[PDB]
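To start, the structure under review is shown below, and the notes come after it.
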Amino acid sequence: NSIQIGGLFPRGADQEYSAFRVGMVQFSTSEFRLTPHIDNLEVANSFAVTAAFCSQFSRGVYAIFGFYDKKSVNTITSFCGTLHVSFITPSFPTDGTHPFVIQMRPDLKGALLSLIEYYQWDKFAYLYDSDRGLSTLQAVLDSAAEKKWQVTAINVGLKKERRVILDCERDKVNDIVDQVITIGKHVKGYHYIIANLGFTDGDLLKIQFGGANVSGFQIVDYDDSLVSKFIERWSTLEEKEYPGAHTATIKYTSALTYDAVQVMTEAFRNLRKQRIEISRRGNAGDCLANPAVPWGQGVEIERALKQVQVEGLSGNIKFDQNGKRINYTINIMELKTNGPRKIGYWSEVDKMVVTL
Amino acid sequence: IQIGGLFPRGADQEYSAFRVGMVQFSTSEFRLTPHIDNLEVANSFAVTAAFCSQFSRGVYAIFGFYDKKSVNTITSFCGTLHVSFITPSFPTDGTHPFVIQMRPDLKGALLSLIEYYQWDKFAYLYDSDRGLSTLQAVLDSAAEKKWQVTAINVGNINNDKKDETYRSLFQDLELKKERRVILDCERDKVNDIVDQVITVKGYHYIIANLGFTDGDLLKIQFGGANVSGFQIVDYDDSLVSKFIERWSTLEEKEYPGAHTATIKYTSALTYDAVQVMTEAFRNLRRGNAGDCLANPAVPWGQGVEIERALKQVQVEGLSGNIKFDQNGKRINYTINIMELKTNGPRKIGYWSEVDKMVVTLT
Ligand SMILES: *[C@@H]1O[C@H](CO)[C@@H](O)[C@H](O)[C@H]1NC(C)=O
Ligand SMILES: *[C@@H]1O[C@H](CO)[C@@H](O)[C@H](O)[C@H]1NC(C)=O
């Protein structure tokens with residue numbers, strides 16, 4: 001049988017969509033075929049997100065892979081929770097209890113706080129925007145209170161501070177660093193921490209940091225044989241057929257998208273073994289129906305997704321009962337004179353930066 | 001003229017004020033016809049459905065509330081469907097069309113008041129359930145102003161992080177000896193949190209809300225601490241006195257939250273919103289939520305005429321001078337600066353949106 005699934009992609013997310021399509025070929029199985037219904041939209045627009053979500057719902061999809069942002073996250077969590085439709089996402093994780101939301105992206109706050117402590121900072125700037133929520137801001141301020149740190153926290157969305165965390169969209173990093181350089185004051189005297197999971201993604205390291213210290217994080221480890229094999233294939237794909245591919249690296253969001261296909265596939269295999277109906281007809285049903293009478297299979301589908309344990313591009317994939325990644329590792333990177341290098345790792349279980 | 005009215009469960013006094021406004025501002029020549037629904041504002045699905053049902057009915061505007069979880073539903077649906085939403089809720093950071101914000105921004109007055117007292121080291125007790133936008137404005141300014149801010153989330157008070165909180169508080173209040181403290185929370189949580197802090201005479205609290213005198217002001221007690229805050233409803237205005245003279249005798253069962261000598265600022269703003277809609281709309285069955293997806297948006301050219309009519313209103317209300325900029329933000333208003341004195345709360349000065357500084361009264 002075929003299993004209907006939805007896809008809600010941001011406009012311009014081409015590599016992500018390519019990774020999605022690569023995933024569907026790679027994890028295809030004789031047991032069933034995934035029939036995706038793909039939409040492209042501005043995910044910052046909660047109305048458009050609602051329309052796309054309801055369109056999928058009326059098609060009777062068994063789960064939706066997609067993206068949200070700060071402006072639409074509440075629409076997703078609320079609609080998923082109401083209608084019992086599972087949403088599997090590489091977007092920023094939330095701390096709220098959110099049933100029916102499967103968050104592929106590991107939380108970064110714990111590793112970031114451990115890294116600050118590892119470098120023994122007690123005074124620094126936290127330059128951020130809200131595009132990935134404000135849980136990291138709160139975590140930094142909470143720890144500053146408890147640890148007696150002096151933090152300057154400025155929303156970027158004549159001072160002798162030299163330690164700087166950048167938790168902002170990739171564009172703003174260049175603008176910020178550029179100012180530092182050209183002020184000449186101790187340019188090599190700075191230490192930047194880049195608070196994202198893609199230290200070696202895109203053009204970040206194309207920035208001229210002028211000999212400053214630069215640290216960051218990475219969830220995709222190119223020393224993994226699993227990752228090495230994937231990149232071998234990925235880098236040889238036809239870019240006209242797979243826009244964003246044919247590259248030597250893959251953005252962490254694209255990696256999580258490919259990983260998401262494996263997780264969904266494993267969940268459906270498990271449901272199939274339990275003889276739970278995952279292909280059904282029929283009728284569209286009404287999204288803003290009253291009462292909201294949610295789907296019975298939804299609870300089992302949600303359960304199956306959260307019970308998945310697999311190894312993927314993003315390492316060990318396992319979730320807690322609230323759809324949050326657990327038991328993962330975040331690689332700690334530094335820009336050494338020869339290039340970016342792993343200096344250690346942070347494990348969700350231990351919650352300590354481990355050197356080497 | 002049909003309008004929607006979307007009220008959170010428990011906004012009883014606000015609904016009374018709305019009803020009282022309907023009567024006070026009604027005209028033989030013209031009457032608003034409201035369709036009232038009571039909703040869980042923290043639930044974006046429920047907010048979407050209520051908004052869309054009003055859209056379906058064909059209303060000229062929707063009066064209502066949102067919170068940090070549903071504000072994006074409101075701005076997006078307002079902007080897409082071209083239906084004006086008028087609200088007493090927190091004013092948005094960004095600019096968004098088709099939204100009329102009755103509530104004046106507090107950030108500027110708060111920053112000016114911190115400067116006024118010449119603070120340079122203080123605790124900031126915020127709650128993430130309320131939102132962080134005011135906290136952010138303060139943190140942004142701390143850089144330029146040489147401020148040392150210790151920020152603690154008094155949210156998560158019964159929740160998982162309960163432990164870290166009282167630790168931070170203990171460290172700050174007992175160990176660091178902070179003494180200067182801003183409380184950024186719901187007006188009815190002030191009491192609950194101050195008692196926490198007490199468990200001293202030399203403390204100085206700033207209550208970061210627009211309703212200083214709305215709630216408890218003893219002796220609550222603050223234990224001889226200084227207490228300062230903000231008030232947009234001036235009970236010495238003859239407009240406000242007259243309203244209160246009338247409101248104080250309304251029967252409490254018929255008008256929940258009435259028969260009081262004061263009115264919550266959100267209820268004041270709700271009454272003011274009725275005056276605003278009435279002024280704007282002069283001279284210019286059931287609802288199916290599915291219509292949000294089945295029907296096209298109101299043509300922009302039509303919706304915008306209503307939006308502009310609302311934004312152009314200039315009137316005097318319970319909340320003082322009411323005027324809006326092109327983004328629906330209150331401008332040219334005044335916030336009174338209050339301090340709790342031994343004989344009760346007193347107006348010690350004001351902060352005008354035009355000049356943006358705390359001015360001292362004799
Ligand atoms: C940067 O890294 C160097 C090398 O260990 C260290 O000595 C320095 O203190 C770090 N911090 C800054 C701000 O440079
Ligand atoms: C508000 O005050 C400013 C500054 O005095 C004034 O110039 C402006 O005209 C006022 N705005 C309106 C809409 O009256």
Side-chain angles (χ1 to χ4, degrees), chain A residues 42 44-51 53-55 58 68-83 95-97 125-128 130 133-135 137-159 161 286-290 292, chain B residues 42-49 52-53 68-81 93-94 123-124 126 128 131-133 135-144 147-153 155-156 160-161 164-165 167-169 171-172 175-176 288-293 297:
Chain A
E42 171 59 73
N45 187 319
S46 294
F47 181 100
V49 171
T50 299
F53 191 109
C54 293
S55 167
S58 70
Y68 47 67
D69 73 349
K70 57 165 186 288
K71 295 189 176 180
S72 56
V73 61
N74 288 296
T75 294
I76 291 302
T77 67
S78 183
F79 273 71
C80 290
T82 293
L83 300 169
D95 292 345
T97 64
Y126 174 73
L127 307 189
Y128 69 101
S130 62
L134 296 173
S135 64
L137 175 65
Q138 292 175 229
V140 164
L141 297 167
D142 281 354
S143 298
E146 185 148 9
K147 285 266 169 52
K148 296 181 298 291
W149 293 348
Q150 299 166 248
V151 173
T152 297
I154 297 177
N155 181 8
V156 306
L158 210 148
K159 43 175 174 168
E161 202 87 78
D286 181 342
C287 196
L288 304 147
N290 193 10
Chain B
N43 179 334
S44 291
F45 180 95
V47 169
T48 301
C52 296
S53 291
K68 82 169 189 64
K69 287 186 179 190
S70 56
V71 61
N72 285 296
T73 293
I74 293 305
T75 61
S76 189
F77 280 64
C78 282
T80 304
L81 299 178
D93 303 327
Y124 194 110
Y126 67 95
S128 47
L132 278 51
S133 181
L135 168 60
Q136 290 174 278
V138 168
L139 293 180
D140 286 351
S141 283
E144 179 219 349
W147 290 347
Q148 284 183 356
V149 186
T150 293
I152 302 167
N153 187 4
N156 69 24
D160 51 306
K161 286 186 216 121
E164 295 69 23
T165 311
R167 289 163 185 157
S168 311
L169 290 173
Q171 186 175 17
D172 178 72
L175 309 174
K176 199 188 192 182
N288 295 301
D291 282 343
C292 261
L293 306 181

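Every chain is numbered from 1 and lettered A, B, ... according to where its sequence line falls, protein lines coming before strand lines. Note that these values count all heavy atoms, side chains included, but never hydrogens, waters or copies made by symmetry.
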Point to revise | Distance in Å, B:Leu135 CG paired with A:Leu134 CG, rounded so as to fall on 0.5 Å steps | key: 9.5 Å
**Study point:** Straight-line distance of A:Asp142 CG to B:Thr165 OG1, nearest 0.5 Å
**Key:** 7.0 Å
Review point. Looking at A:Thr50, A:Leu158, A:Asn290, A:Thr77, which one has more heavy-atom pairs under 4.5 Å with chain B than the rest?
Key: A:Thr50
Review point. Does any N or O in the side chain of B:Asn72 come within less than 3.5 Å of the main-chain N or O of A:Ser72, such that one atom is a donor and the other an acceptor?
Key: no
Check your understanding: What part of A:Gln150 is in contact with chain B, defined as an atom under 4.5 angstrom from a non-hydrogen atom: side chain, backbone, both or neither?
Key -> side chain
**Study point:** Non-neighbouring partners of A:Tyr128 that pass side-chain hydrogen bond (donor to acceptor under 3.5 Å, both in side chains), sequence neighbours left out
**Key:** B:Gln136
Review point. Any donor and acceptor pair, going by atom type alone, linking the side chain of B:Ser76 with main-chain N or O of A:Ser46 inside 3.5 Å?
Key: yes
Review point. Atom SG of A:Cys80 and atom CZ of B:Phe45: how far apart are they, to the nearest 0.5 Å?
Key: 11.5 Å
Check your understanding: For the atom pair CD (A:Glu146) and CG (B:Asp172), what is the distance rounded to the nearest 0.5 Å?
Key -> 12.0 Å
**Study point:** Region of A:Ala144 in contact with chain B, defined by heavy-atom distances below 4.5 Å
**Key:** neither
Exercise for review: Using non-hydrogen atoms and a 4.5 Å limit, figure out which bit of B:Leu293 sits close to chain A: side chain, backbone, both or neither.
Suggested key: side chain
**Study point:** Euclidean distance, B:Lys176 NZ relative to A:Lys148 NZ, rounded to 0.5 Å
**Key:** 10.0 Å
Point to revise | Between OG1 on residue A:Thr152 and CG on residue B:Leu139, distance to nearest 0.5 Å | key: 9.5 Å
